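Each remark here refers to the structure printed beneath this line.
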Amino acid sequence: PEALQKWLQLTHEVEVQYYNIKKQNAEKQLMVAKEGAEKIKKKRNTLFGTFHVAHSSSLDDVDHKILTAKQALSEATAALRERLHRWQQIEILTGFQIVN
Amino acid sequence: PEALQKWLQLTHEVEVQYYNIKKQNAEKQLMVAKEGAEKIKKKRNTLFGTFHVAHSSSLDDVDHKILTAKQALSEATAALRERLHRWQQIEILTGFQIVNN
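Chains E and U are the protein sequences, given in the same order.
The numbers in full-length UniProt numbering rise by one with no breaks, and the one at position 43 of the first sequence is 386.
The numbers in full-length UniProt numbering rise by one with no breaks, and the one at position 2 of the second sequence is 345.
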């Protein structure tokens, strides 16, 4: 039991590190999307003036990268919930302390 | 133990998917870096002439994004090895067939 427990603890540590990366990348993806829209709003300001840009706000993110990024963050939140439940069930079935 | 096997199978799928995304992301980083340098080089050729560029080739990637990207991608090999060995051991210890293509 001792050996399998250590293999499982290593597997869990690996998954947590992958998850942290997934979350960090989703956060960066949202930042990048917002920066990109900020940049386009600035360029559209130079091309058409601020009033015009105010009455065509949807054009600063034509491909809706911001909303897509928000869905990405939602999935990260979902990933966390799935992982927590899965390892908890694994701990219960093995009788091993794997996570904490 | 039928339930545990399913939980472990799922865990393995999740890990393999993470691994592939990370590898794909590093591959994308390399592609992007090469692209960036190839673009700068073309621009420099027309601005300064081919003779000049042929004597200042390192200026196409001043921050070495290409070498940096290559270095990170190279780790994929060790990451694969570590994963295969760990799960092989888990399979042996549990007596379960867990791994996937």
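Idealized CB from N, CA, C, for every residue including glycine.
Mapping the DSSP letters down to three states, classify residue i as helix, strand or coil.
| i | result |
| --- | --- |
| E:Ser-399 | coil |
| U:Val-442 | coil |
| U:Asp-406 | coil |
| U:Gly-392 | coil |
In chain U, what lies closer than 7 Å to residue i by C-beta?
| i | result |
| --- | --- |
| E:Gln-432 | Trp-350 |
| E:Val-359 | The premise fails here: E:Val-359 is roughly 11 Å from chain U at the closest Cβ pair, so nothing lies under 7 Å. |
| E:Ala-346 | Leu-436 |
Closest by CA to residue i, which one among the options?
| i | options | result |
| --- | --- | --- |
| E:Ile-364 | E:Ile-383, E:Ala-415, E:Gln-440 and E:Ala-346 | E:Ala-415 |
| E:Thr-420 | E:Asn-368, E:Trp-350, E:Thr-389 and E:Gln-432 | E:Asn-368 |
| E:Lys-382 | E:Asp-404, E:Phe-439 and E:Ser-399 | E:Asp-404 |
| E:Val-357 | U:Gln-432, U:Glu-425 and U:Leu-390 | U:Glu-425 |
| residue 446 of chain E | E:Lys-384, E:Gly-392 and E:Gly-438 | What the structure shows of chain E is the stretch from 344 to 443, and residue 446 of chain E is not part of that stretch, so it cannot be assessed. |
| E:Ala-380 | E:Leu-353, E:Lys-349, E:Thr-389 and E:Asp-406 | E:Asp-406 |
| E:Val-359 | E:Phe-439, E:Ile-433, E:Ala-346 and E:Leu-427 | E:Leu-427 |
Here's a check: name, in chain order, each residue in its chain whose Cβ is nearer than 6 Å to the Cβ of residue i, leaving out the five neighbours to either side.
| i | result |
| --- | --- |
| U:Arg-387 | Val-396 |
| U:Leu-402 | none |
| U:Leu-351 | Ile-441 |
Leaving out the 5 sequence neighbours to the left and right, which residues in its chain are closer than 7 Å to residue i when beta-carbon positions are compared?
| i | result |
| --- | --- |
| U:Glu-370 | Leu-416 |
| U:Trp-430 | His-355, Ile-441 and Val-442 |
| E:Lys-377 | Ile-409 |
| E:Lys-366 | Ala-419 |
| E:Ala-422 | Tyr-362 and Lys-365 |
Can you name, in chain order, every residue of its own chain whose Cβ lies under 8 Å from the Cβ of residue i, other than the five neighbours on each side?
| i | result |
| --- | --- |
| E:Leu-373 | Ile-409, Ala-412, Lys-413, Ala-415 and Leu-416 |
| E:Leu-436 | none |
What residues of chain E sit near residue i, judged by a beta carbon separation below 7 Å?
| i | result |
| --- | --- |
| U:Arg-429 | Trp-350, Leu-353 and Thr-354 |
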